[PDB]
Structures are given as C-alpha cells and as structure tokens.
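What follows is a set of notes on a single structure, which appears directly below.
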Amino acid sequence: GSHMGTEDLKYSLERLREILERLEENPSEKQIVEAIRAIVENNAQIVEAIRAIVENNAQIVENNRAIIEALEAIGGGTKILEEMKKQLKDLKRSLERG
Amino acid sequence: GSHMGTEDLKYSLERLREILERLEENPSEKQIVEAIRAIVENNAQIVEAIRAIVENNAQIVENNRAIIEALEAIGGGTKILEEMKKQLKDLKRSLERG
Amino acid sequence: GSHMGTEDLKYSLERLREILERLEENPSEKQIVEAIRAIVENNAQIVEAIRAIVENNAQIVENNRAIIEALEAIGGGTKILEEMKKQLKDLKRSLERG
C-alpha cells in the first residue's frame, strides 16, 4: 500500500523543526539548503498523503451512490425518487474530480 | 471551475525538485530565493486544492443527510429512526466545518 | 476544538507572501531564515488542518456504515443485501485508515 498516514506527516515535520531550530541558532548556507531540502521533500509527502485520501474519498462517493440505488429500489414508488436521483448525479460529478 | 487536481500539485513540485537539485549542486543566494519562492507558491496551491476538496466534502455531507431523510421516510415506524436522526445531526455538525 | 479552517491556512500564507516579497526585493540572510521559519510553521498548520478533516471523514465513513445497517434492516429479504454488505466492509477498510 502507498497510503501515507497523518502521523507520518507530523513526524517528518518534527525533523524539519529540528533543522529550523539549528538554522535559527546558527544561520548558514548549509542549514538554509538543508532546511529547503527537507521542506521540498515534505511538500511531496503532504500531496502524496492527500492523493491517497482523495482516492479513498472517491471510493466513498461511489459507495454513496450504491446506497441510493439500493434505497430507490426498496423505496420504489416513493416520491423520494425525484430527489435521490438528483443526488446520485451530483455524487457522480464529485466522483469525476480529484 | 477553480478546482485543482492532485496531479496538478505533483507537477508543480516536480519543478520545485529541479530547483532544489540546482540549489544543492550550486548553492547561491539566487537559488535560495527561487527555491523559497516556488515553495511559497506551491503551499498556496496545496491549500487551494484542499479548499475545493473540502467544499466538495461539505456537499457530500449534505448529500448524506438527504439519504437519511429519504431512508427515514420509507422506514417510518422502524426503530432505526432513533439512531438515524442522531447521525443526521452529526452530519450537520460536520457540514458547518471546513 | 482543535479544528483548523481552510481560511486559516490562507491567512497564514498571506503573511508568508509578504515575507517572500520582502525577501525578493531585498535578499538577505535574515529574510531567508524568516521565510523558512514561516514555511515550516505553515507546513505544520496544513497537516494539522488535514488531521482534523481526516478525523471528521473517518466519522463520516462510520456514519455511512450506519446507513447501510438501517437500510438492510428495512430492505431485509431484498437482493440488495448481497452488495450493500460488501460496501459496509469496504467502508470499514477506509475507516481504519487516516
């Protein structure tokens, strides 16, 4: 699995903090570059973490549509059909984004 | 549409990577500032990407409530009413956050 | 509440922008470190904002499962049971991630 945890992001930034503190205490070209490096890598980690979450969210959206279809089946003939079908289409719209 | 894709974030960071590599190979005031600039802009892109996603998530939460109301209708008289109504309120709580 | 708003992230980055602009206009060791500092802090804010959102999303996933159980109850005997139960398990999988 390529899924990244929220805690994983935190731990990476804790290291970044250390580097920052070292930079502030003893400003230098080395510490500046190392600080930037860590930030650049961490930025990727954040996006990658978001990616996995978004992909999961997409599955949830699809799952939500499955509920509607099942609901409309057993609720067949009930007014709710008029509005629940509209929601399904809206979920599809969301499904195609991420 | 102002929606930003996950891939869009990646591509921006790929450019950032290039700048980092140039910085590391040839440290300089120019490369430092340019690296920082790219990071600052990319940070905005991440938040803006999150914004759109969160706004979509808010709509999903509202949509989830719509399912409950439709469900409670056809399930009227069924015990589930006691608990499903509690969920709806919880979804509302989430709806008002983002 | 420890929940952070999307707007909160924006406002922080607006300050970061100002620092960047000052850096670009007058490059200096001071502005470089201050720019990095702000970025490091803002990176934490982004992750913390994500954390709260993800935790909320987890609750939504659980809530979605509650809908299924209520649906399956009133729809008992209906074919939908075969597929809706599969979704519930998939939601559980998502619930255990974040």
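All residue names refer to the structure tokens as shown: chains lettered A, B, ... in order, residues numbered from 1 in each chain, ligands numbered from 1 in order.
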Sort by chain and increasing residue number a table of all residues of stretch 27-79 of chain B within 9 Å of stretch 38-60 of chain C, each with its closest pair of atoms and their distance in Å to one decimal, counting only C-alpha atoms, and write it as a Markdown table.
```
| residue | atom | partner | partner_atom | distance |
| --- | --- | --- | --- | --- |
| B:36 | CA | C:39 | CA | 8.7 |
| B:39 | CA | C:39 | CA | 8.1 |
| B:40 | CA | C:39 | CA | 7.2 |
| B:43 | CA | C:43 | CA | 7.9 |
| B:46 | CA | C:46 | CA | 8.6 |
| B:47 | CA | C:46 | CA | 7.4 |
| B:50 | CA | C:50 | CA | 8.5 |
| B:54 | CA | C:53 | CA | 8.2 |
| B:57 | CA | C:57 | CA | 8.6 |
| B:61 | CA | C:60 | CA | 7.7 |
| B:64 | CA | C:60 | CA | 8.8 |
```
Would you save the residues from that selection as a JSON list (two decimals), in the first residue's frame, using N, CA, C and O atoms?
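Below is the file that was written, part_18.json:
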```json
[["chain", "number", "residue", "atom", "x", "y", "z"],
["B", 36, "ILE", "N", 12.67, 29.20, -2.32],
["B", 36, "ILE", "CA", 11.68, 29.68, -1.37],
["B", 36, "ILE", "C", 10.42, 30.17, -2.08],
["B", 36, "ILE", "O", 9.31, 29.83, -1.70],
["B", 39, "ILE", "N", 8.32, 27.34, -3.27],
["B", 39, "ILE", "CA", 7.69, 26.69, -2.12],
["B", 39, "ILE", "C", 6.48, 27.47, -1.65],
["B", 39, "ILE", "O", 5.41, 26.90, -1.41],
["B", 40, "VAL", "N", 6.64, 28.79, -1.52],
["B", 40, "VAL", "CA", 5.56, 29.65, -1.06],
["B", 40, "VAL", "C", 4.35, 29.55, -1.98],
["B", 40, "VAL", "O", 3.21, 29.42, -1.52],
["B", 43, "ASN", "N", 2.74, 26.08, -1.68],
["B", 43, "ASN", "CA", 1.98, 25.97, -0.44],
["B", 43, "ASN", "C", 0.56, 26.49, -0.61],
["B", 43, "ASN", "O", -0.39, 25.89, -0.11],
["B", 46, "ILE", "N", -1.47, 23.94, -2.61],
["B", 46, "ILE", "CA", -1.91, 22.83, -1.77],
["B", 46, "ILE", "C", -3.18, 23.19, -1.01],
["B", 46, "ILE", "O", -4.14, 22.42, -0.97],
["B", 47, "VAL", "N", -3.17, 24.37, -0.39],
["B", 47, "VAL", "CA", -4.32, 24.83, 0.39],
["B", 47, "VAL", "C", -5.53, 25.05, -0.50],
["B", 47, "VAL", "O", -6.66, 24.70, -0.14],
["B", 50, "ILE", "N", -6.93, 21.79, -1.36],
["B", 50, "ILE", "CA", -7.68, 21.33, -0.19],
["B", 50, "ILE", "C", -9.03, 22.02, -0.10],
["B", 50, "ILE", "O", -10.05, 21.38, 0.16],
["B", 54, "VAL", "N", -12.50, 20.15, 0.19],
["B", 54, "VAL", "CA", -13.30, 20.31, 1.40],
["B", 54, "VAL", "C", -14.71, 20.80, 1.08],
["B", 54, "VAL", "O", -15.68, 20.32, 1.66],
["B", 57, "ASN", "N", -16.51, 17.93, -0.14],
["B", 57, "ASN", "CA", -16.82, 17.07, 1.00],
["B", 57, "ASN", "C", -18.03, 17.58, 1.77],
["B", 57, "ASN", "O", -18.86, 16.80, 2.23],
["B", 61, "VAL", "N", -21.48, 15.60, 2.63],
["B", 61, "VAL", "CA", -22.09, 15.53, 3.96],
["B", 61, "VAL", "C", -23.57, 15.88, 3.90],
["B", 61, "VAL", "O", -24.41, 15.19, 4.48],
["B", 64, "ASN", "N", -25.38, 13.13, 2.26],
["B", 64, "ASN", "CA", -25.56, 12.02, 3.18],
["B", 64, "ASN", "C", -26.80, 12.22, 4.05],
["B", 64, "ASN", "O", -27.52, 11.26, 4.35]]
```
Contacts of chain B with stretch 67-91 of chain A up to 9 Å, shortest pair per row, only C-alpha atoms, as JSON lines:
```
{"residue": "B:59", "atom": "CA", "partner": "A:91", "partner_atom": "CA", "distance": 8.9}
{"residue": "B:60", "atom": "CA", "partner": "A:91", "partner_atom": "CA", "distance": 7.3}
{"residue": "B:63", "atom": "CA", "partner": "A:87", "partner_atom": "CA", "distance": 6.5}
{"residue": "B:66", "atom": "CA", "partner": "A:84", "partner_atom": "CA", "distance": 7.6}
{"residue": "B:67", "atom": "CA", "partner": "A:68", "partner_atom": "CA", "distance": 7.2}
{"residue": "B:69", "atom": "CA", "partner": "A:80", "partner_atom": "CA", "distance": 9.0}
{"residue": "B:70", "atom": "CA", "partner": "A:80", "partner_atom": "CA", "distance": 5.9}
{"residue": "B:71", "atom": "CA", "partner": "A:71", "partner_atom": "CA", "distance": 7.1}
{"residue": "B:73", "atom": "CA", "partner": "A:80", "partner_atom": "CA", "distance": 8.4}
{"residue": "B:74", "atom": "CA", "partner": "A:75", "partner_atom": "CA", "distance": 6.1}
{"residue": "B:75", "atom": "CA", "partner": "A:75", "partner_atom": "CA", "distance": 8.9}
```
Only C-alpha atoms, please: the residues just picked out, written as a PDB file, in the first residue's frame.
```
ATOM      1  CA  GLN B  59     -21.689  18.809  -0.302  1.00  0.00           C
ATOM      2  CA  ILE B  60     -21.239  15.078   0.281  1.00  0.00           C
ATOM      3  CA  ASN B  63     -25.990  14.615   0.444  1.00  0.00           C
ATOM      4  CA  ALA B  66     -30.557  13.631   2.198  1.00  0.00           C
ATOM      5  CA  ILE B  67     -30.170   9.850   2.213  1.00  0.00           C
ATOM      6  CA  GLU B  69     -34.356  11.761   5.327  1.00  0.00           C
ATOM      7  CA  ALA B  70     -35.346   9.557   2.393  1.00  0.00           C
ATOM      8  CA  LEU B  71     -34.484   6.438   4.388  1.00  0.00           C
ATOM      9  CA  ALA B  73     -39.451   8.240   5.263  1.00  0.00           C
ATOM     10  CA  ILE B  74     -39.770   4.749   3.794  1.00  0.00           C
ATOM     11  CA  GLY B  75     -38.579   3.180   7.045  1.00  0.00           C
TER      12      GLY B  75
END
```
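Of the residues under consideration (B:34, B:18, B:62, B:24), B:24 shows the shortest atom-to-atom contact distance to chain A when counting only C-alpha atoms.
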Which of these residues is nearest to chain C, using only C-alpha atoms: A:2, A:96, A:65, A:9? A:9
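As for atom CA of residue C:35 and atom CA of residue C:15, they are spaced 9.9 Å apart.
Excluding residue A:23 itself and same-chain residues fewer than 5 positions from it, the residues having an atom within 8 Å of it are residues 28, 31, 32 and 35 of chain A; 33 of chain C, counting only C-alpha atoms.
The spacing separating atom CA of residue A:26 from atom CA of residue B:27 amounts to 17.5 Å.
Using only C-alpha atoms for every distance, the candidate list B:1, B:37, B:93, B:10 yields B:37 as the residue closest to chain C.
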